[PDB]
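Structure record follows, encoded as structure tokens.
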Amino acid sequence: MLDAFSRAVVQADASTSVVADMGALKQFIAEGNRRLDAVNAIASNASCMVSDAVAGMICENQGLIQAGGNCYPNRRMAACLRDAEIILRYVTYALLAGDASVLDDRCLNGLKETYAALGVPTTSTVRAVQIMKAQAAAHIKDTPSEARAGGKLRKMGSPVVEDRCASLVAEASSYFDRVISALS
Amino acid sequence: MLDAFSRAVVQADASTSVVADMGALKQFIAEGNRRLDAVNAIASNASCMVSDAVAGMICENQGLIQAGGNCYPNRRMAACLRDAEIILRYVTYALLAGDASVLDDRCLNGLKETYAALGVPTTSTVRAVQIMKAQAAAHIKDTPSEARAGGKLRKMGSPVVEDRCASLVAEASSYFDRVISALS
Amino acid sequence: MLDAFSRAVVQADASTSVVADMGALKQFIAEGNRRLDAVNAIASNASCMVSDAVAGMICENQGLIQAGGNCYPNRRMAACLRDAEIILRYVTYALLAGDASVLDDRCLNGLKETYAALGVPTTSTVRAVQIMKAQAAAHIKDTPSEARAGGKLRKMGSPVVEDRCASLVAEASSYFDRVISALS
Amino acid sequence: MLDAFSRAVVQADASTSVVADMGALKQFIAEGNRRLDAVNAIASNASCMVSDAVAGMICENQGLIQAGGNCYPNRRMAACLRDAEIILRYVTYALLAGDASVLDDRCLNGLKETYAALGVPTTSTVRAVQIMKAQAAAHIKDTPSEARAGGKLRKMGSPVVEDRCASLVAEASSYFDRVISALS
Amino acid sequence: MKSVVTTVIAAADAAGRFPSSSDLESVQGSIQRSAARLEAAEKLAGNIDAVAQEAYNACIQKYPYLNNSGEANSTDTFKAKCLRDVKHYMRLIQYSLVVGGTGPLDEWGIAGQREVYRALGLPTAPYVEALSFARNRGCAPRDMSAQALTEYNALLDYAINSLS
Amino acid sequence: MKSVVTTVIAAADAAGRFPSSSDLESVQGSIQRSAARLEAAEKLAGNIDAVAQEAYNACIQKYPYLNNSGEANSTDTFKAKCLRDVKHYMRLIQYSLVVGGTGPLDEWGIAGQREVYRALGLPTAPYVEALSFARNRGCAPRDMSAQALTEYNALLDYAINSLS
Amino acid sequence: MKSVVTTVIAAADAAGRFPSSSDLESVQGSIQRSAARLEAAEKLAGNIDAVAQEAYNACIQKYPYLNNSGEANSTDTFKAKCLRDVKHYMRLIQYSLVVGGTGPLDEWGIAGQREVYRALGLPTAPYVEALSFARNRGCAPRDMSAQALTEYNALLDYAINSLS
Amino acid sequence: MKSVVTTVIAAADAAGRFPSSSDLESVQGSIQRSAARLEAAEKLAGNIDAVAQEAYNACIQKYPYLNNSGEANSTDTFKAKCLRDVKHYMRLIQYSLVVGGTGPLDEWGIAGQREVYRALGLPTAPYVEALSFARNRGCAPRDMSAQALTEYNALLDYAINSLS
Ligand SMILES: *[C@@H](C)[C@H]1/C(=C/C2=NC(=C\c3[nH]c(C[C@H]4NC(=O)C(C=C)=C4C)c(C)c3CCC(=O)O)/C(CCC(=O)O)=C2C)NC(=O)[C@@H]1C
Ligand SMILES: C=CC1=C(C)[C@@H](Cc2[nH]c(/C=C3N=C(/C=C4\NC(=O)[C@H](C)[C@H]4CC)C(C)=C\3CCC(=O)O)c(CCC(=O)O)c2C)NC1=O
Ligand SMILES: C=CC1=C(C)[C@@H](Cc2[nH]c(/C=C3N=C(/C=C4\NC(=O)[C@H](C)[C@H]4CC)C(C)=C\3CCC(=O)O)c(CCC(=O)O)c2C)NC1=O
Ligand SMILES: C=CC1=C(C)[C@@H](Cc2[nH]c(/C=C3N=C(/C=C4\NC(=O)[C@H](C)[C@H]4CC)C(C)=C\3CCC(=O)O)c(CCC(=O)O)c2C)NC1=O
Ligand SMILES: C=CC1=C(C)[C@@H](Cc2[nH]c(/C=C3N=C(/C=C4\NC(=O)[C@H](C)[C@H]4CC)C(C)=C\3CCC(=O)O)c(CCC(=O)O)c2C)NC1=O
Ligand SMILES: C=CC1=C(C)[C@@H](Cc2[nH]c(/C=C3N=C(/C=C4\NC(=O)[C@H](C)[C@H]4CC)C(C)=C\3CCC(=O)O)c(CCC(=O)O)c2C)NC1=O
Ligand SMILES: C=CC1=C(C)[C@@H](Cc2[nH]c(/C=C3N=C(/C=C4\NC(=O)[C@H](C)[C@H]4CC)C(C)=C\3CCC(=O)O)c(CCC(=O)O)c2C)NC1=O
Ligand SMILES: C=CC1=C(C)[C@@H](Cc2[nH]c(/C=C3N=C(/C=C4\NC(=O)[C@H](C)[C@H]4CC)C(C)=C\3CCC(=O)O)c(CCC(=O)O)c2C)NC1=O
Ligand SMILES: C=CC1=C(C)[C@@H](Cc2[nH]c(/C=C3N=C(/C=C4\NC(=O)[C@H](C)[C@H]4CC)C(C)=C\3CCC(=O)O)c(CCC(=O)O)c2C)NC1=O
Ligand SMILES: C=CC1=C(C)[C@@H](Cc2[nH]c(/C=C3N=C(/C=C4\NC(=O)[C@H](C)[C@H]4CC)C(C)=C\3CCC(=O)O)c(CCC(=O)O)c2C)NC1=O
Ligand SMILES: C=CC1=C(C)[C@@H](Cc2[nH]c(/C=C3N=C(/C=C4\NC(=O)[C@H](C)[C@H]4CC)C(C)=C\3CCC(=O)O)c(CCC(=O)O)c2C)NC1=O
Ligand SMILES: C=CC1=C(C)[C@@H](Cc2[nH]c(/C=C3N=C(/C=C4\NC(=O)[C@H](C)[C@H]4CC)C(C)=C\3CCC(=O)O)c(CCC(=O)O)c2C)NC1=O
Ligand SMILES: C=CC1=C(C)[C@@H](Cc2[nH]c(/C=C3N=C(/C=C4\NC(=O)[C@H](C)[C@H]4CC)C(C)=C\3CCC(=O)O)c(CCC(=O)O)c2C)NC1=O
Ligand SMILES: C=CC1=C(C)[C@@H](Cc2[nH]c(/C=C3N=C(/C=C4\NC(=O)[C@H](C)[C@H]4CC)C(C)=C\3CCC(=O)O)c(CCC(=O)O)c2C)NC1=O
Ligand SMILES: [Cl-]
Ligand SMILES: [Cl-]
Ligand code: NA
Ligand code: NA
Ligand code: NA
Ligand code: NA
Ligand code: NA
Ligand code: NA
Ligand code: NA
């Protein structure tokens, strides 16, 4: 797998040239503590995210839990909860590394074809991932709502800036969008 | 693998309903001793059936035992005898279970493609299977002829009914037809 | 593995003789339904038996659940519960077969040496097996007490005879006694 | 495996107690950068150390490179060079961790018996390890001599203190002494 | 799917054997025991809603906290799902009686159940109480013959053991 | 040693399972079928010498070349060993009727038989004819009940199939 | 036991490598972050009994049904064991702060927990609520610095995730 | 490609784990050490041609036999390729400084090097001498800071060890 810095190296090696641009590298370093806070916000809330996103997919599509549905019987529900967690785990690796290669190579390559052979429904897969994308954005910004969490609400307490880490929210969102594109 | 009763339960689960009609199940049970006799009639005679079926395939097509023929040399004849016995064994498992899933899943899946890649001739394999079908019908009815037995005639001694287990003969014959369909 | 009948065959073969005592085989068969009741009584109550036996070993020896004790920390308690269930499983196989060979060969051979290398305490292991021996006796006779049931009492409802299956209680008790002898 | 901090935790767990001595932990942290320099000094000079230590063992015992000797023929010399490097590598892990458990568990357990079965001579093994111990002390202190190095001499340029890291020298020396202890 | 006949076929196939003496003898056991388990299956088919209702009612009676705000029996949607789940277990027991092995309960009920309930924060004690009530409720000859009851109770106790 | 009960126990142990419904149901099969196979076992225990003697006589009648100089029934030692061998097969059939599976015949008769006969230059056709005569000889109800005879005949055919 | 340094050594050993640049870099991270996590470890060491007591009280306040006859907080022995358990989790959290990785919590708390609680009929919700109360309780700078509180809260969340 | 963050991710993935405390702590090490290694990388990006040219010159000064007919520095093509090869090694060290692990040197320089040089009859001592000269040449603060030089020197020594 690659990370943000080895990505730069591979691009330079394509022309057997030195890495000349230190500036963009130094910006990654400058935002390093806020990146670690963003990964902590997802990892610390992962069980609540997965169970809420799968529940949400289901409340919006009740055919999934009726006769012939893809979250029936218990074993299929259990497999779906497992897959939502897997996908979230690879997205979190990509955010830690600052590059999508680990998510492409170890999760997404071949996954559309796997799901077509099993009959796992694309519309419902995409909806589960979209809910997780929304959840992740709110936890990174440290602005989850009581309306969506009740007594399970968590606050991170990271130091606030006016943009609430807009660049990292856009980067995290791009990795969820990559999953949706691969699977659609 | 499924059996006749688990096939019925798969049907009921497609509508998440209890198994209500038990008339067909109670008849399967009432015919259980006759089904055990039918299995005993094929297993007890299996070596004679296999050798006489491959020998008949050959006496009707002498090209199989000459230069370039698929039962020449000794290793090929031995492989063919082995395959006729494998086929008959899986048909007997299907008759004991009252369901073709064990035959489909563990014997027929990929068999056409395997024989195509080896140059095993379809026409000749089908004839061997047709001869085994006829043999099994006569052994289930307990009416093999002296003319075909070659000095090795066996009588089973089961309790005779007027129809001679016609329903079981038809079911056994349908399993051999499934083998032929996989190759055609 | 051997069963009660194949045991008798091995004994007859040591003098290359036919098995002549048909009376004794017949009485074994006459008790077959009560044997199947006895096995059902153990298997149906297994989780309650295991958890009550390991808890009783502990309540009698609190050293096991303090620093340096062999059921501390969580991983060790869980391994102990696992082993009490494995032992009961092999005892129930011996009762079903009517012969100890499965228990000797697949569970007991090398167990004492395994435990000595790990430091699993012998006295405590023997006490857990003693509690299971007592539980099994009561469930086979269908006379468990309310005082011991912890509010989870079960009745089997098998047809009562005056002896309450004393012969089968002695047999089951003998297999637990083989476990105790092996570990002592 | 354990490190210096988890070793302290295992010690506290023996009386189910919190870790209370923060001062000892803070000292290990204070000397952290020095420890990194010590590990860098050994790893960076490893090839020179192994070759010089094996060559020194040989110049002090010429029997090793004559018929019957354990560094004759080429295959045996190659195996001995490999083993000296393996030993050094495990010692450097112990230094990085501040605990000998990875050295004891992955290198030393079974080594005496392995060597006895092969006929690898203990006397000569001890000498190679002694020379590596001396080399490591001089590189950690950044005082190697021109006399023992020639044109291969390397200087590390770590920031000098009056005691030249005496406590790290004594700890590294203790891990080489454990290697020698494991041979008896 | 595990039954008498699929067990003996799988064992014969692993050794490359035709069906033999002990395989046919095993299947005769199914012919003999089918009267008791099919009697239980037909009673359960005709009365499943009432059997599941009383088991559900008994688990909420034991654990009235589940009715409190935020708990698993507290909304009309949750109440309907909890009754449904007790009925799912009873329907799998009915299928298991039809097949004569635990296959349908193993594959479609037990597999994955602990992972599901942990993810949704559903306590396992009320499931065990529902099944426990059902196990202690039957008596013969009132509800069915003594051997039909033995078959029904053994499948209840198999489910209880998987949660315990 | 393969029987009804050892087959279900080995299957249960491979999956880590206590005995369950389909295991007990299989053993009920043994309880039901034991009357037939034990009847056959008793008739064979009481008459094994005469049953073996006439099967041996038939195989020599079919193949009188065996009595010629150098052949496998030609000396007094050879004659005694051939009759002994036919009796061994019938004894292992008796054991297999007792157990209710083919175990004793598989392990003590069939395993190695082809290798032994090839090494000694013994033809297989006389073994097949001895067993074939025994298979066609019995009738019911004279010798035993129809179902006792079905069990005896199935084991003879199993031994014939192993040599054919 | 999982920490920064044992992770990198395990990786190096699997490839046959001496410690190299990225290994030394990783351990510099331990040097930097230690001040925050050892601040939290010292606060918890000095006040573990009060921290555990109030978390235990919170879980019983949420689930008073546990005090009813037969239930898991209903006797004096049970009450002591439950409090003890909450203190065991907090102690393993203390150890994980000292080490800088989750190793102590993984090996001595989490491994086996679900099997133990299943066997004894202990609900997992009250464990979750005790840890959740502790996770929501702290504030900075009152209790400790903001970065120390981040470390303490992350390990509480790791434990809650293992039960959820 | 081996770095601080890819090592911790690979370890977490092998155990099916989210990033946890020790993984974040490792990456803080990269934040701290980056200043020194990126200083060294910037120096090398600006002056790689001169650094390689003097190291090449030193290895030829040392082994003038390479200029003789048939030897590895004897033709204009050979002289260009040897200098190119020293510059390749320096570029791969620049890469390794950017990444903070040895990945680029391991995958694109070290792997295969001994098989290539053996096939072409290229001696390894001149390669070692070029890298040795470069290792002994630098001084701080003239060329870069003391810790920047420590990082540059450790990568030179890693290359030297791979050829020794
Ligand atoms: C676990 C509770 C977390 C947590 C989770 C968040 N959920 C967020 C948004 C969200 N969740 C759902 C599913 C929900 N809606 C339904 O209609 C049903 C079933 C009836 C369910 C189960 C949806 C649809 C959404 C919106 C997704 C979208 O925008 O497309 C969310 C982000 C929004 C917010 O916080 O306001 C979070 C963070 N929050 C917590 O604090 C705990 C740890
Ligand atoms: C080993 C574990 C470990 C971590 C978890 C982080 C923890 C951490 N985060 C920050 C520091 C910070 N963290 C954030 C984060 C955010 N600000 C917002 O408005 C959003 C809610 C959120 C989006 C991600 C911000 C903005 C800073 C201040 C520095 C900056 O501007 O980048 C700092 C620097 C100290 C300080 O500024 O107070 C540290 C040590 N670092 C580590 O070493
Ligand atoms: C579980 C199901 C299952 C099967 C059905 C068989 C299928 C099968 N058959 C053969 C192999 C063969 N099968 C035959 C069969 C025949 N030749 C003829 O002329 C006749 C028409 C015909 C018998 C009726 C021959 C001759 C070969 C050998 C082909 C060769 O090597 O040239 C092979 C190749 C490997 C080998 O040599 O054994 C396989 C996989 N194997 C299985 O595992
Ligand atoms: C010259 C080569 C040549 C042969 C080898 C045979 C091959 C052969 N056998 C049978 C047909 C049969 N073969 C058998 C077999 C047996 N019956 C027993 O009692 C024994 C146990 C066992 C092995 C001998 C049986 C039972 C039939 C069924 C028809 C019958 O019994 O009349 C058929 C009829 C198939 C059909 O109807 O399509 C043919 C063609 N015929 C030939 O032309
Ligand atoms: C363990 C081994 C085992 C077996 C091998 C069977 C053996 C068996 N078969 C039947 C009984 C029977 N078997 C047959 C069979 C046939 N009738 C015909 O005319 C055809 C020749 C043949 C086709 C299959 C019939 C017709 C009956 C009578 C019952 C019925 O009508 O189904 C009976 C019941 C007793 C009786 O009716 O006499 C038994 C025990 N059962 C076992 O437990
Ligand atoms: C303070 C802790 C402590 C314990 C945990 C128990 C443990 C325990 N249980 C039993 C004894 C038993 N335990 C059971 C178990 C059960 N009966 C059922 O109806 C259920 C299905 C099932 C699980 C509860 C049975 C059947 C007996 C046999 C005695 C009896 O029933 O009276 C015995 C007697 C053992 C002997 O006779 O040698 C002991 C010590 N005792 C203690 O002092
Ligand atoms: C005739 C054969 C023969 C040998 C091969 C040497 C072997 C040798 N080397 C050293 C001793 C040493 N050898 C080295 C090695 C090195 N220093 C560097 O700067 C390089 C990087 C690297 C490989 C050359 C070092 C650092 C010491 C420690 C002593 C010192 O530097 O003065 C010692 C002393 C060990 C002791 O104190 O017990 C011996 C015996 N001596 C012999 O008599
Ligand atoms: C990731 C790679 C990495 C490293 C290789 C080290 C490198 C390193 N070493 C020291 C700093 C030091 N290094 C040493 C080492 C020694 N002194 C001697 O006299 C002996 C020759 C030698 C024995 C080991 C000493 C003594 C200090 C000064 C601090 C102290 O006294 O501990 C410092 C701190 C400098 C400062 O104050 O700014 C750093 C960053 N750290 C890292 O992060
Ligand atoms: C498929 C399985 C199946 C069952 C197990 C039963 C379960 C069941 N039992 C009862 C109902 C009953 N069951 C009993 C039985 C008993 N009372 C005792 O105290 C004795 C120990 C025991 C044996 C006499 C009694 C007395 C009632 C009526 C009173 C009551 O509701 O308790 C009812 C309510 C309707 C009715 O009157 O029948 C139901 C649904 N029904 C089924 O369909
Ligand atoms: C343990 C298994 C067992 C067997 C299978 C038989 C085998 C057997 N059968 C017969 C002996 C006999 N067997 C039969 C049977 C028949 N004759 C026919 O024409 C019908 C087709 C058939 C059914 C009536 C007859 C009539 C005799 C006496 C005549 C003879 O020897 O052939 C004898 C000689 C002793 C005697 O008279 O009984 C023996 C050993 N005995 C056994 O102990
Ligand atoms: C437990 C199962 C079991 C068996 C079935 C026998 C099988 C068997 N038979 C013989 C040995 C023999 N068996 C025969 C048999 C025959 N002669 C004929 O004319 C016919 C072909 C045939 C009877 C039908 C002869 C003649 C020998 C002696 C052969 C020799 O020494 O060359 C031997 C070699 C050792 C010996 O000399 O005894 C063995 C292992 N033994 C066993 O342990
Ligand atoms: C090792 C970890 C560790 C902790 C996390 C704390 C946990 C803790 N907090 C409080 C106690 C307190 N904690 C708070 C904190 C707050 N109240 C608010 O309304 C704000 C949201 C928040 C930030 C100021 C307050 C105000 C009290 C006193 C009142 C109360 O008990 O609720 C107490 C009771 C003893 C005391 O008064 O200090 C304890 C044990 N202590 C520790 O040793
Ligand atoms: C990415 C990393 C990487 C490298 C490090 C080089 C490594 C390398 N060098 C050469 C090839 C060569 N390298 C040299 C080198 C030298 N002559 C001397 O006197 C000295 C011993 C030495 C410089 C120190 C020579 C002379 C050749 C050509 C040899 C020939 O063709 O016989 C070749 C063969 C293909 C070619 O002709 O280019 C390769 C793969 N290439 C790479 O892709
Ligand atoms: C990227 C890495 C990088 C390097 C390591 C250096 C390498 C380097 N050093 C020197 C050049 C030099 N380097 C030194 C250094 C020293 N002289 C001594 O005697 C001391 C031990 C040591 C510390 C003062 C000196 C004195 C010169 C000038 C004289 C000379 O060329 O030797 C030059 C020639 C150009 C110049 O004058 O700077 C080059 C390319 N440059 C780089 O870009
Ligand atoms: Cl629970
Ligand atoms: Cl060379
Ligand atoms: Na797409
Ligand atoms: Na257990
Ligand atoms: Na030695
Ligand atoms: Na259980
Ligand atoms: Na055969
Ligand atoms: Na979880
Ligand atoms: Na080397």
Fill in the blank from the handout: Apart from one, (1) in contact with a helix residue (DSSP H, G or I) (Cβ under 8 Å, 6 or more places away or on another chain); (2) closer than 16 Å to D:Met132 by Cβ; (3) without any contact (Cβ under 8 Å) to a residue 24 or more places away in the chain all hold for D:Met57; the odd one out is (3)
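Being among the polar types (S, T, N, Q) and in contact (Cβ under 8 Å) with a residue 12 or more places away in the chain is the filter; apply it to the range E:136-164 and report the residue that is nearest to ligand 16 (Cβ to nearest atom).
Step one: of the range E:136-164, the residues among the polar types (S, T, N, Q) are E:136, E:145, E:147, E:150, E:153, E:161-162, E:164.
Filter once more, so that each one left must be in contact (Cβ under 8 Å) with a residue 12 or more places away in the chain: E:145, E:147, E:150, E:153, E:162, E:164.
Working: E:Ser145: 92, E:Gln147: 88, E:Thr150: 84, E:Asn153: 83, E:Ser162: 69, E:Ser164: 71 Å.
It comes out as E:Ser162.
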Problem - Boolean, F:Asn47 is within 20 Å of the chain's Cα centre (by Cα), more than 14 Å from chain C (Cβ to nearest Cβ), more than 16 Å from ligand 20 (Cβ to nearest atom) and without any contact (Cβ under 8 Å) to a residue 60 or more places away in the chain - result: no
Problem - Flag if D:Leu95 is within 16 Å of ligand 8 (Cβ to nearest atom) and either within 14 Å of chain G (Cβ to nearest Cβ) or over 30 Å from G:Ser30 (Cα atoms) (or both) - result: yes
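Under 23 Å from the mean Cα position of the chain (by Cα), surrounded by fewer than 16 Cβ atoms within 10 Å (Cβ to Cβ) and either in a helix (DSSP H, G or I) or in contact (Cβ under 8 Å) with a residue 40 or more places away in the chain (or both): is that true of E:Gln94 in this structure? Even if it seems obvious, please write down each step before you answer.
Details: under 23 Å from the mean Cα position of the chain (by Cα): yes; surrounded by fewer than 16 Cβ atoms within 10 Å (Cβ to Cβ): no; either in a helix (DSSP H, G or I) or in contact (Cβ under 8 Å) with a residue 40 or more places away in the chain (or both): yes.
Here the answer is no, as E:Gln94 does not meet what is asked.
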Problem - Residues that are more than 11 Å from the chain's Cα centre (by Cα), touching a residue at least 12 places away in the same chain (Cβ under 8 Å) and within 8 Å of another protein chain (Cβ to nearest Cβ), drawn from the range C:78-92 - result: C:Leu81
Problem - Per-region count, the range A:8-25, residues crowded, with 17+ Cβ neighbours inside 10 Å and under 28 Å from the mean Cα position of the chain (by Cα) - result: 3
Problem - Spans of helices (runs of 4 or more DSSP H) in the range C:69-181 with at least 2 residues polar (S, T, N, Q) and surrounded by 17 or more Cβ atoms within 10 Å (Cβ to Cβ) - result: C:74-97, C:122-141
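Looking at B:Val39, B:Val50, which one is over 15 Å from E:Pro19 (Cβ atoms), β-branched (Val, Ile, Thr), within 14 Å of chain F (Cβ to nearest Cβ) and buried (at least 18 other Cβ atoms within 10 Å of the Cβ)?
Working: B:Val39 fails: over 15 Å from E:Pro19 (Cβ atoms).
Result: B:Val50 is the single residue among B:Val39, B:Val50 that is over 15 Å from E:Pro19 (Cβ atoms), β-branched (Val, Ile, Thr), within 14 Å of chain F (Cβ to nearest Cβ) and buried (at least 18 other Cβ atoms within 10 Å of the Cβ).
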Exercise for the section: From F:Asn161, F:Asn153, grab the single residue that is within 14 Å of chain E (Cβ to nearest Cβ), part of a helix (DSSP H, G or I) and within 20 Å of F:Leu38 (Cβ to Cβ). Expected result: F:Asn153
Completion exercise
By residue number, the members of the range H:122-164 that are of a type in the set (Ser, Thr, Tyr) and more than 14 Å from the chain's Cα centre (by Cα) are H:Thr124, H:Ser145, H:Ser164
Practice task
Scan the range H:99-126 residue by residue and report those that are part of a loop (DSSP other than H, G, I, E, B), more than 30 Å from G:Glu25 (Cα to Cα) and either in contact (Cβ under 8 Å) with a residue 60 or more places away in the chain or in contact with a helix residue (DSSP H, G or I) (Cβ under 9 Å, 6 or more places away or on another chain) (or both).
Solution key: H:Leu122, H:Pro123, H:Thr124
Completion exercise
Here the residues within the range E:50-71 that are of a type in the set (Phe, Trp, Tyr) and over 16 Å from the mean Cα position of the chain (by Cα) are E:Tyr63, E:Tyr65
Exercise for the section: Name every residue in the range G:133-149 that is surrounded by fewer than 23 Cβ atoms within 10 Å (Cβ to Cβ) and assigned to a helix (DSSP H, G or I), in order of residue number. Expected result: G:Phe133, G:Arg135, G:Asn136, G:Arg137, G:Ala146, G:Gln147, G:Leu149
Exercise for the section: Answer yes if at least one residue in the range E:64-84 is more than 29 Å from G:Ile60 (Cβ to Cβ), without any contact (Cβ under 8 Å) to a residue 24 or more places away in the chain and away from chain A (no Cβ under 13 Å), and no otherwise. Expected result: yes
Handout entry: Single residue of D:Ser174, D:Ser167, D:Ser101 found to be away from ligand 11 (no atom under 16 Å from the Cβ) and within 14 Å of another protein chain (Cβ to nearest Cβ)
Key = D:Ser101
Completion exercise
Out of (1) more than 20 Å from H:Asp106 (Cα to Cα); (2) of a type outside the set (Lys, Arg); (3) more than 11 Å from chain G (Cβ to nearest Cβ), the one H:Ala14 does not meet is (3)
Practice task
Just give me the residues in the range A:1-28 being touching an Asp or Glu at 6+ places or on another chain (Cβ under 6 Å) and in contact (Cβ under 8 Å) with a residue 24 or more places away in the chain, in sequence order.
Solution key: A:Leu2, A:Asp3, A:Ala4, A:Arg7
Exercise for the section: Please work out which residue is nearest to G:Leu97 (Cα to Cα), limiting yourself to the range H:17-40 and to residues that are within 7 Å of another protein chain (Cβ to nearest Cβ) and under 21 Å from the mean Cα position of the chain (by Cα). Expected result: H:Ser30
Handout entry: D:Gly23 being of a type outside the set (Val, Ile, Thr), more than 14 Å from chain H (Cβ to nearest Cβ) and out of contact with any strand residue (DSSP E or B) (no Cβ under 6 Å at 6 or more places or on another chain)
Key = yes
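This table checks each residue for (1) out of contact with any strand residue (DSSP E or B) (no Cβ under 8 Å at 6 or more places or on another chain); (2) under 22 Å from C:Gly151 (Cβ atoms); (3) not charged (D, E, K, R).
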| site | (1), (2), (3) |
| --- | --- |
| C:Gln11 | yes, no, yes |
| C:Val19 | yes, no, yes |
| C:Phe28 | yes, no, yes |
| C:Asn45 | yes, yes, yes |
| C:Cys71 | yes, no, yes |
| C:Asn74 | yes, no, yes |
| C:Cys80 | yes, no, yes |
| C:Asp83 | yes, no, no |
Completion exercise
Across (1) at the interface with another protein chain (Cβ under 7 Å from one of its Cβ atoms); (2) of a type in the set (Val, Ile, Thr); (3) under 30 Å from E:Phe78 (Cβ atoms), A:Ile65 clears everything bar (1)
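A short reminder: the numbers here are calculations on the coordinates, not readings from a lab. Please note: Cβ atoms are built from the backbone with ideal geometry, for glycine as well, and neighbour counts cover all protein chains shown.
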